[PDB]
């Protein structure tokens, strides 16, 4: 396999949120077969960001997912040619983000070219007031649609004053070559900011992701 | 400790509904094991048979008291008895068919009683609901979170279709206790709902659910 | 025509909002070809209602629409047999209402049998806190889909103390016989509560609705 | 006033739809007090576009709106400083587009700096199969929220075959200086492609927009 037990990551995100332009560079490494990874992210244009950094973090690669052998791994199969994915993120106060990420590979390093856009966030809402603490861990539902793989996940930001702020993710993952498509399944995630400075100019970010079927037995 | 929710509980319910303008009534009787998160219902269409739409759109409306809760997650549902609770749900399908439901859940003795209203609007006539092209719901993971002193649960649901592929529905439920109960932290309920048996028109259906609550299985690094 | 210049209206709404059951009866009259009507509405079960009465009022009949001769009138064509319609009302704080109304006629009177449900309204939102003043006038977009007529409208409640609370309506209107189907067109509305008592047990309700094409010409190529 | 009876237009849009990157330049002119304008658009990168051009056209300036004297004109008031706007475009098959446009002025010319993104369009749907004929004329609902102006409009594309494909627009318009805010009102639109070459590399585009209150009298 061209996907090595350890893979490096280099990325560039260009984005606009609430009319504010920014650029973030990232580099890191992970263990694709263990489903873990760490990124160091640096804001290079647009500092200090005026919005909650958490809206960006799930856009900073399902190749980093532990797949059991009885679930087809759409993502690792797509390399070396790679894949791109598209996502809409619809927040409960009708802020909407979109993102597109093109994922390529050279040697033992993935490269991501990322676009991120955010519109219609209310000025006193938790994104523009930076009142989020973290995403909760989540379970993404993965299902084939029209020859590509979709993943939908109900996401929730824990808020500074207590309670949660909900966002619905709809992602489409698109291999650049023909691969075997998987059966319906789940990817459980936990994404965490491990360290940040005061304005989130420098952020260290970790994700754990593991695929599974339901382990509830079927009675029919 | 001793609970009014016994290891086995019976169920009696009545659903009154309208889908695509078609009125119907369904009666159900069954039993389950609330602490094991399992249950079986026998359902009979008593008015409006045969139904002209996919029976699967109804099945998650036929009680989170039937959920296996680990000791370290507050069980919102079992705490609320005997007084009970009601819940409200919207079910938004990807072709903009929309269903709503309200269910009032009470208890007498060893039996739960549900009084259910179900409505569905704007299902496309050639879509999988009105063409009865669904096979089952997939198993699911519902996200539970407190808001305004009550419990919300949201779940991304998918119907497997005849011929392949899935038809998606977004569920938003609010669960509302009739008495004060200890509120849980954010958590998950994994479900698998299954029709075990049905006659040709689904006038008689046997329905099973397994539901288990959990936190994430993944450790935290931070 | 079986639709006379003045028609009477009788209706019954049975509903549940936020778990609260209620029943409302209505009686009134209007002028179908002028697009105007008045209803007198009385809560007979569930009083006093604990939610904003405005969420109900557009559910209390597009036969009352002034249709120009060059737009097919889906609604008047379907009588005497009548029609039913189905609606979802998605509010911006994710309260959702559904309604189904079956509309029949006997003699000079329309009859509506209505079901109304509302779920997941936030307890401190403007519906459960009765902070609405009125619906703004609106423009509904009408289009045929799969042999029946859809109408979608962006609606807005003006709030006490200012600003608006938005709701997206999606309605399907279903004739009980074959009728000539219209081209894409618009229905402009203004619905108004003319009078109510303290708890809205007794409400007097008016609607004006007029169909049209766009007022803007198409540019020659 | 700095808004002359005829104003020129220059714009650049950079975008990504379905993972396809493109750039479009435009130039034109219009009559802001008549609510009319014409643009000639030229695809400079990413030609030919693989998706229906109609998804772009409403992103190619409410300063071109006929405002009666009794409705405050949010858009003309904000010049010369200008404004930016943000929009989400949610299609009924859950394709979603976002756009952000920054509108500035120099002399008798408007300048637009536009970003457009489109995600999750079905591969055999009418956008990616280029089955759209036009937008229908529309009525946008304009209402103040949190000190800025929102406009929401139910849009419909007429399709090859004669049915319609629906999209819901939510726009926030954001002045760069304090302006008199309008009461709730309507903007009626008709946008039309007047001429195009085979692949829509070159498009001539017209919009007519007119603000009004409801014509219907109030009985209360």
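So the values come out like this:
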{"item": "Selected residue (criterion: nearest to the other protein chains (Cβ to nearest Cβ)) from residues of the range A:189-203 that are surrounded by fewer than 16 Cβ atoms within 10 Å (Cβ to Cβ) and touching a strand residue (DSSP E or B) at 6+ places or on another chain (Cβ under 7 Å)", "result": "A:194"}
{"item": "Every residue from the range D:152-185 that is under 20 Å from residue D:102 (Cβ atoms) and surrounded by fewer than 15 Cβ atoms within 10 Å (Cβ to Cβ)", "result": "D:177, D:178"}
{"item": "Residues satisfying the stated conditions in the range C:67-83, i.e. over 20 Å from residue C:101 (Cβ atoms) and touching a strand residue (DSSP E or B) at 6+ places or on another chain (Cβ under 7 Å)", "result": "C:68, C:71"}
{"item": "Pick from the range A:30-45, criterion buried (at least 17 other Cβ atoms within 10 Å of the Cβ) and over 15 Å from the mean Cα position of the chain (by Cα), ranking: farthest from residue A:60 (Cα to Cα)", "result": "A:33"}
{"item": "Among (1) under 23 Å from residue B:183 (Cβ atoms); (2) assigned to a strand (DSSP E or B), the one test that residue B:70 misses", "result": "(2)"}
{"item": "Selection status of residue B:104, in contact with a strand residue (DSSP E or B) (Cβ under 7 Å, 6 or more places away or on another chain) and closer than 21 Å to residue C:89 by Cβ", "result": "no"}
{"item": "Filtered residues of the range A:122-151 (kept if surrounded by fewer than 22 Cβ atoms within 10 Å (Cβ to Cβ) and closer than 20 Å to residue D:88 by Cα)", "result": "A:122, A:123, A:124, A:125, A:128"}
{"item": "Enumerated strands (runs of 3 or more DSSP E) restricted to the range A:99-188, each holding at least 2 residues that are farther than 19 Å from residue A:32 by Cα and within 14 Å of chain B (Cβ to nearest Cβ)", "result": "A:132-135, A:138-145, A:148-159, A:164-175"}
{"item": "Evaluation of residue C:62 against (1) under 16 Å from the mean Cα position of the chain (by Cα); (2) more than 14 Å from chain B (Cβ to nearest Cβ); (3) surrounded by fewer than 23 Cβ atoms within 10 Å (Cβ to Cβ) (one fails), failing number", "result": "(3)"}
{"item": "The range A:73-98, subset touching a helix residue (DSSP H, G or I) at 6+ places or on another chain (Cβ under 9 Å) and either more than 14 Å from chain D (Cβ to nearest Cβ) or in a strand (DSSP E or B) (or both), residue nearest to residue A:190 (Cα to Cα)", "result": "A:89"}
{"item": "Residues of the range D:4-28 classified as surrounded by fewer than 18 Cβ atoms within 10 Å (Cβ to Cβ) and farther than 28 Å from residue D:121 by Cβ, total", "result": "6"}
{"item": "Residue check, residue B:150 under 23 Å from residue A:169 (Cα atoms) and in contact with a strand residue (DSSP E or B) (Cβ under 6 Å, 6 or more places away or on another chain)", "result": "no"}
{"item": "Matching residues in the range A:14-40 - criterion: being in contact with a helix residue (DSSP H, G or I) (Cβ under 8 Å, 6 or more places away or on another chain) and part of a strand (DSSP E or B)", "result": "A:15, A:17, A:24"}
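Don't worry about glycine lacking a Cβ; one is built from the backbone with ideal geometry, like all the others, and counts go over all protein chains shown. Where a number appears in this text, it was derived from the coordinates with a stated rule and is not lab data.
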